[PDB]
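Scroll down for the structure; my scribbles are underneath it.
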There are 2 protein chains.
Amino acid sequence: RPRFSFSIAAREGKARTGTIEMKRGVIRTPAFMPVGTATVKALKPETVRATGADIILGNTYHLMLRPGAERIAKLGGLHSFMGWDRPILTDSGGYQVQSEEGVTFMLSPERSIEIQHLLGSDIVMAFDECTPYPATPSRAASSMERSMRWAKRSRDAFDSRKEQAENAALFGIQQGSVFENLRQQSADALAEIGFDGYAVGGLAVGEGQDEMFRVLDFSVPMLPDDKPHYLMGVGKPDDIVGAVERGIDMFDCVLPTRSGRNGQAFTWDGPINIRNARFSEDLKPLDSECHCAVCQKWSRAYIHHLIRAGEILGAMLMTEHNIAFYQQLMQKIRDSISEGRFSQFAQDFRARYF
Amino acid sequence: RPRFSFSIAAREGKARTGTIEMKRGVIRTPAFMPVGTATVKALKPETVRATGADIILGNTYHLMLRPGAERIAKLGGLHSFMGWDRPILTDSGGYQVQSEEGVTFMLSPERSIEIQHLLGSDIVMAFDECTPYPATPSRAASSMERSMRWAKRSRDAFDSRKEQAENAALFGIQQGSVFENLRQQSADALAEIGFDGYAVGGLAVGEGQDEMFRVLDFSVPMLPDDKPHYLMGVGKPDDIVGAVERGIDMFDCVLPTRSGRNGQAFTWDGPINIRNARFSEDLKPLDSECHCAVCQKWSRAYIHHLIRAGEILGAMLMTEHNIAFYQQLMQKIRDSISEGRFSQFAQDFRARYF
Ligand SMILES: O=c1[nH]cnc2c(CCNCC3CCCCC3)c3[nH]c(NCc4cccs4)nc3cc12
Ligand SMILES: O=c1[nH]cnc2c(CCNCC3CCCCC3)c3[nH]c(NCc4cccs4)nc3cc12
Ligand SMILES: [Zn+2]
Ligand SMILES: [Zn+2]
């Protein structure tokens, strides 16, 4: 397999479906990347794979604090440490964490790229600043411009490390808040540097779905068509569907994991909160169509009891179902685009989910 | 399969190995019964089975509080609820929880037997009082005598319920603290009532291993030889080995589960506390010989990090290993008795473990 190859197999409107080939595996797009600490909280890596995940997001910020990037490198890298042998996309650390050098809390672009190398990342994110929302045109500009300088520094750091350059991929991140002109400048700067993939940053930060979609409408076409498009931090099932309708290929969110241990279960009829008394004697599975192991074997009533009781097994089961649900959503999206019926799928999905 | 059949296949001294056949499965003896809430905290039932468990102990006291025995019955019984289709031994509720009728906190022998029926227990424990330690001869006597009256009430309650009598088994529990004469009176009273199996109660309550063993030395021979002998609440690996040397066939303890999530891992070289700094870069498995999935796939260093970080996956992995370790200990015990080399196994085990 190559270091990195993105191929688009089918299209519908702005939506695309295809594959990213990398040395550690193939990634089906549009892709949902479960987020970890633990490939995913409360799941073994084999269970994460069983749900259909092709790639996971590695939480750099946590790992760089403990056990430490250098320690993980000494122990053989994050894949070996965790027991996940497929691709890992690492975050830069820069959302969870100010000067032109970087952020003191020193995390600079060079140190971020180095930490991602030490973990053994397959897809490395450039170090940026997620501009707060709302932002004035001035602040958004200043922020975006710094991020583009940091993007160039990221590129050079990555390229100056042979083993990283030969075996990993590097994504750049577009900024510019909600302003079309800044989004364009950013896209232009990133394409001049050149990356393997392009993220849309600076969204899912308080603006709401209507505004997020409006910005996606003009921002995604600015990115190179022939490279994957990653929407950072998104999101709820309806947000994913709409983003795919606007040309996004990749997603990450802590929602399924977070919400799960919370008691929220995703279903094709919308989310349910399994702690509700209404479920205490409900023998149906979390969702009537879901193919996951949890829906094959346990009832709402059981999981209701476990979550109310604060049982670890409740978190395990809720998380496995919710990650499986997201994977099934991505599979339905891929299949519908492949078959030229994604517009209809989006309409049917929303009709029932809401 | 029969309702209940205990067969002894081999002996060595007072140690025995054999099988209990029941409608839901076969139980290899000497047996370790993992304890639940969740067949075992942090494990799916398939994982519990994978470790080698033939039977689990169902925590009646917790379940009778929530979700409630009647609710579990309405939902199809504990096996269906939990997803464990093999035998379950239910506790009476009476240790975790005073008049001749029962205990108010009303839990009486009749209500205990009824709750165990409602859960769908395979092996039902008579309702007793675990006499506190130390106890004066008077108090121990009075306590034991009440327990024997409660044993008779338990027997009658069980027998008056056709479906329970035909499909489950009933164990009586010997009391009498550390006094040989009271232990004998108790054994005599239980054998007159007649049970399918006999537990040694009133130990592992502060007396220490030397005294526990001294009491076992005279108490177990008082019980019918042809029925299984259950030592309640025991225990640490060395306690299990010594108890088997004294004729015990069955054990339960929360130690492997409890200790595990605590950071204590059992090994053939003794227990280790995986949170110790000494393990932070140790790439060996928890134990060098253990056949469990955890020791096949993850390092000490990884599990060290997970437990220090408070990760659920740390509890999952520690628990699976520790329950597997106990099952491997019971298998080694069974095999060594079957081969007439259990005395040597006990000596070799202790030499290395200590
Ligand atoms: O411009 C951005 N640059 C870089 N990272 C961003 C992130 C982090 C994405 N996942 C982080 C994971 C790394 C591993 C640990 C867990 C997070 C974002 N997350 C969101 N929305 C999240 C939210 C959605 C709804 C409320 S907040 N917008 C984001 C924008 C950016
Ligand atoms: O005479 C007894 N009658 C009935 N139950 C007893 C129990 C409970 C055994 N497992 C309970 C499980 C039921 C499901 C929930 C979890 C417990 C005992 N546990 C101990 N030692 C425990 C201890 C060992 C070391 C310190 S305390 N001695 C016991 C003596 C008796
Ligand atoms: Zn499911
Ligand atoms: Zn092990």
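Quick note: numbers below take in every heavy atom, side chains included, and nothing from hydrogens, waters or symmetry partners. Protein chains get the first letters and strands the later ones, always in sequence-line order, with residue 1 at the start of each.
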Using 0.5 Å steps for rounding, measure from the [atom1] atom of [X] to the [atom2] atom of [Y].
X        : Y       : atom1 : atom2 : value
B:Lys44  : A:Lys44 : NZ    : NZ    : 9.0 Å
B:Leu313 : A:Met82 : CG    : CE    : 9.5 Å
B:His305 : A:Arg71 : NE2   : CZ    : 10.5 Å

Shortest non-hydrogen contact between [X] and [Y], atoms and distance:
X        : Y        : value
A:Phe81  : B:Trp298 : O-CD1, 3.9 Å
A:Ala38  : B:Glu311 : CB-OE1, 3.8 Å
B:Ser280 : A:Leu75  : O-CD1, 4.0 Å

